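Student: What follows is the file model_26.csv, containing CSV, C-alpha atoms:
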```csv
chain,number,residue,atom,x,y,z
S,52,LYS,CA,262.9,74.3,218.1
S,53,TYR,CA,263.1,70.7,216.8
S,54,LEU,CA,265.6,70.4,214.0
S,55,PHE,CA,268.9,68.8,214.3
S,56,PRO,CA,271.7,71.4,214.0
S,57,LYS,CA,272.9,71.4,210.4
S,58,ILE,CA,276.6,71.3,209.9
S,59,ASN,CA,278.0,72.0,206.4
S,60,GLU,CA,281.8,72.4,206.2
S,61,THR,CA,284.9,70.9,207.7
S,62,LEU,CA,288.1,71.7,206.0
S,63,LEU,CA,291.3,70.3,207.6
S,64,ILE,CA,293.6,73.3,207.2
S,65,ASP,CA,296.9,71.6,206.5
S,66,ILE,CA,300.3,72.6,205.1
S,67,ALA,CA,303.5,70.6,204.6
S,68,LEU,CA,306.8,71.5,206.2
S,69,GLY,CA,310.4,71.6,205.0
S,70,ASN,CA,314.0,70.9,206.0
S,71,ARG,CA,316.3,73.8,204.9
S,72,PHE,CA,319.0,71.1,204.8
S,73,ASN,CA,317.9,68.7,202.1
S,74,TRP,CA,320.9,69.4,199.9
S,75,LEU,CA,322.8,67.3,202.5
S,76,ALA,CA,320.8,64.3,201.5
S,77,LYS,CA,323.2,61.4,201.6
S,78,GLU,CA,321.8,57.9,201.4
S,79,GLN,CA,323.5,54.6,202.3
S,80,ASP,CA,322.9,50.9,202.7
S,81,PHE,CA,323.0,50.7,206.6
S,82,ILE,CA,325.7,48.2,207.1
S,83,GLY,CA,328.4,48.3,209.8
S,84,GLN,CA,328.3,50.0,213.2
S,85,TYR,CA,331.3,52.4,213.1
S,86,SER,CA,332.6,54.5,210.3
S,87,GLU,CA,335.8,56.6,210.2
S,88,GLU,CA,338.1,58.5,208.0
S,89,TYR,CA,341.6,59.9,208.1
S,90,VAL,CA,344.1,62.4,206.8
S,91,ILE,CA,347.9,62.7,206.5
S,92,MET,CA,350.1,64.7,208.8
S,93,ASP,CA,352.4,67.2,207.0
S,94,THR,CA,356.1,66.4,206.3
S,95,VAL,CA,358.0,69.6,205.6
S,96,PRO,CA,361.0,69.4,203.3
S,97,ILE,CA,364.6,69.2,204.4
S,98,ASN,CA,368.0,70.7,204.0
S,99,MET,CA,370.1,68.5,201.8
S,100,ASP,CA,373.4,68.6,203.8
S,101,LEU,CA,375.0,65.9,201.6
S,102,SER,CA,378.1,65.6,203.8
U,103,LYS,CA,390.8,125.3,184.9
U,104,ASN,CA,393.7,124.2,182.7
U,105,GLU,CA,393.2,122.8,179.2
U,106,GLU,CA,394.9,119.4,179.6
U,107,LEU,CA,392.0,118.3,181.8
U,108,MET,CA,390.7,116.9,178.5
U,109,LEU,CA,393.3,114.2,178.8
U,110,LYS,CA,392.2,113.2,182.3
U,111,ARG,CA,389.9,110.1,182.2
U,112,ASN,CA,386.8,109.3,184.2
U,113,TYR,CA,385.5,105.8,184.5
U,114,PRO,CA,381.9,105.0,185.1
U,115,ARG,CA,381.4,103.6,188.6
U,116,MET,CA,379.8,100.2,189.4
U,117,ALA,CA,377.3,99.0,191.9
U,118,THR,CA,377.0,95.3,192.0
U,119,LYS,CA,375.6,92.4,194.1
U,120,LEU,CA,376.6,88.8,194.0
U,121,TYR,CA,374.1,86.0,195.0
U,122,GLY,CA,375.5,82.5,194.5
U,123,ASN,CA,374.0,79.1,195.1
U,124,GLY,CA,370.5,78.2,196.2
U,125,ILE,CA,369.4,75.2,198.2
U,126,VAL,CA,368.7,71.7,196.9
U,127,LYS,CA,365.9,70.5,199.1
U,128,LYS,CA,364.4,67.0,199.1
U,129,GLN,CA,361.6,65.1,200.8
U,130,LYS,CA,361.1,61.4,200.9
U,131,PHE,CA,358.6,58.8,201.9
U,132,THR,CA,358.5,55.1,202.7
U,133,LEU,CA,355.4,53.1,201.9
U,134,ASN,CA,355.0,49.5,203.0
U,135,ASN,CA,353.3,46.3,201.9
U,136,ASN,CA,352.6,44.5,205.2
U,137,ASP,CA,352.2,46.9,208.2
U,138,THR,CA,349.9,49.2,206.4
U,139,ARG,CA,347.8,46.2,205.5
U,140,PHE,CA,347.3,45.4,209.2
U,141,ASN,CA,345.3,48.6,209.0
U,142,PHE,CA,343.3,49.7,206.0
U,143,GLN,CA,340.7,47.0,205.9
U,144,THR,CA,339.8,47.7,202.2
U,145,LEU,CA,342.4,47.5,199.5
U,146,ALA,CA,341.0,50.4,197.3
U,147,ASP,CA,341.4,52.8,200.2
U,148,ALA,CA,345.0,51.7,200.5
U,149,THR,CA,345.5,52.6,196.8
U,150,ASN,CA,343.8,56.0,197.5
U,151,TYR,CA,346.1,56.3,200.5
U,152,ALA,CA,349.1,55.7,198.2
U,153,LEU,CA,348.2,58.5,195.8
```
Would you mind writing the file's structure down as structure tokens?

Tutor:
Amino acid sequence: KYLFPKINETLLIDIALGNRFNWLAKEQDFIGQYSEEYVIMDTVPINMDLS
Amino acid sequence: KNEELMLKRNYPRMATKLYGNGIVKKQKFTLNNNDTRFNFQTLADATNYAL
């Protein structure tokens, strides 16, 4: 009735976690506020009415 | 039928179709040296724009 209670094991159950999107890993230099890009509008060909 | 039918001729008959001309079609573009450089703040992207 007089002993201190004897502890013997802690473990810290721990697992890491994932992304499922890490093949989109694109790095940069972090410069500039805005970024943009562009594309061309189509120009269909024409009837050569050479008159 | 009478024997002189051997002298009577019979040409093979024809089934034709005429087509004629096609279309010359053209398509042009007009790239600039000043007004596109008001936009396109990097020169290499202007060359990429060009091709």

Student: Please find the residues of chain S near chain U - the criterion being any atom within 7 Å, counting all atoms listed in the file - and write them as a PyMOL selection string.

Tutor: chain S and resi 96-99

Student: To one decimal place, how far is CA of residue 64 in chain S from CA of residue 76 in chain S in Å?

Tutor: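 CA of residue 76 in chain S lies 29.2 Å from CA of residue 64 in chain S.
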
Student: Would you mind reading off the distance between CA of residue 74 in chain S and CA of residue 146 in chain U, one decimal, in Å?

Tutor: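 Between CA of residue 74 in chain S and CA of residue 146 in chain U the gap works out to 27.8 Å.
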
Student: Name all residues at most 12 Å from residue 141 in chain U (count only C-alpha atoms; drop same-chain ones fewer than 6 positions away) and give them as an MDAnalysis selection string.

Tutor: (chainID S and resid 89) or (chainID U and resid 134:135 147:148 151)

Student: Between CA of residue 84 in chain S and CA of residue 152 in chain U, measure the distance and give it in Å to one decimal.

Tutor: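 For CA of residue 84 in chain S relative to CA of residue 152 in chain U, the distance reads 26.3 Å.
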